[PDB]
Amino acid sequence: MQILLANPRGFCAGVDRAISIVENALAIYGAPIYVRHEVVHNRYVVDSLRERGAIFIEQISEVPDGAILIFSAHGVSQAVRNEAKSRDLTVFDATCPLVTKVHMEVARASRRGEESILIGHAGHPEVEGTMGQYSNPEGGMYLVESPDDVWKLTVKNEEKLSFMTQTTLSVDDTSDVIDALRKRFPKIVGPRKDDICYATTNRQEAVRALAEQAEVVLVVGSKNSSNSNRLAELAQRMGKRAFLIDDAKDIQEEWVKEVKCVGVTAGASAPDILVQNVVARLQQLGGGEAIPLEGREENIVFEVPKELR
C-alpha cells in the first residue's frame, strides 16, 4: 500500500496566529482565558487549550466581569464586538486578517447604503460575523448558498450592488454562484474572482492532485470544519472514497483493505501530529513510507499583536 501526502495541507497562517494568540495570552495572564466559540474548528486543538485552562463559551453573557475574552479566527459581528465593549472585558481579536478584509468591505458597502450579497453557508460563524458587519437599513445584506438562491433573490436597487464571499468555500461551486449573480445582476461589483483565501484554494488544488493518484482519501479535520469538508467533498466528486476523520482511531480497516494507494490530507485547522498518527495507523494496516507530493509553496505568516509578545 502506497501512502501519499497532499501538499499543502494542515495549518494555514490565520489558524497558526489564532492558536498563538490564545497560548500567549494564557502565558502572559494565566488561566482562565475565555474564548468565544472554538478558536478554530478542531477538537484536538480545542481540547488541547481547554485542558490548559482556556475556557470556550458561546455567548458573552457566560463570561465574568474583569475577564480576558478572545474572539475566534472566524471573526464576529459588530453587535458581539459592541456587547464586549459595553462590558468590563479585555478583548484580543484572533479573527484572521483575511476575514477582517472581507469585514471591511461589507462595512464600506453598509456606510454607502449599497446592498451586498454574501456567498456562504447559513449558520456558520464566519457568515454570522460577516453579515453582522452590515447595519444600514437603507440598503440590505443578503446570503446566497447556490445558483438557485440567486435565481430567487430580489434586491431594492440592482444598479448599486456588490458581493463578497466566505473564505473557505469550494472554489468550483462558488464560481457557479458568481456566474449566476453576474447573469441576474449585470452591474454587480465584486473582487476579480472571489474572497476565497490562498490556503483554501491551495488545499483544494492539492487534494485534486492527490485524488488523481489515490483510490481513497482521508482528510484530517473535525466535522464542523467547513474547509475540511470541502476537501473531502472534492475527492468524493472525483469518484474516490473519501473520509473526514478527527484522528487515527476513526480509520476503519475496511476502508483501506486491498487498496493500492491511499492519500492523506488535512484541513486548515488540523495539527500535523494528527496526520503523523494517521500515517502510523495506515502503516499498521500495511502501507510503506509516506511519500509527500510536490506542491505550491506557501510563504505567508501573520504575527500575533505586539501586546501578545
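Think of the rigid core as the biggest set of C-alphas that the two forms share within 1.5 Å after superposition. Residue indices: 1-based, along the sequence shown.
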{"item": "Between 201-209 and 82-90, larger RMS Cα displacement in 7 other deposited structures of this protein after core fit", "value": "82-90"}
{"item": "Of 20-28 and 5-13, the one with larger mean CA B-factor", "value": "20-28"}
{"item": "Greater mean Cα temperature factor according to the PDB record, 180-188 or 107-115", "value": "107-115"}
{"item": "Most elevated Cα B-factor in the entry, residues 195, 215, 205, 172", "value": "215"}
{"item": "Out of 60, 282, 266, 273, highest CA B-factor residue", "value": "60"}
{"item": "B-factor third for the C-alpha atom of residue 301 within its chain", "value": "lowest"}
{"item": "Record-listed C-alpha B factor of residue 74: chain third", "value": "lowest"}
{"item": "Residue 41 - which third its CA temperature factor falls in, relative to the rest of the chain", "value": "lowest"}
{"item": "Ranked against its chain, the third holding the CA B-factor of residue 126", "value": "lowest"}
{"item": "Lowest, middle or highest third - CA B-factor, residue 233", "value": "lowest"}
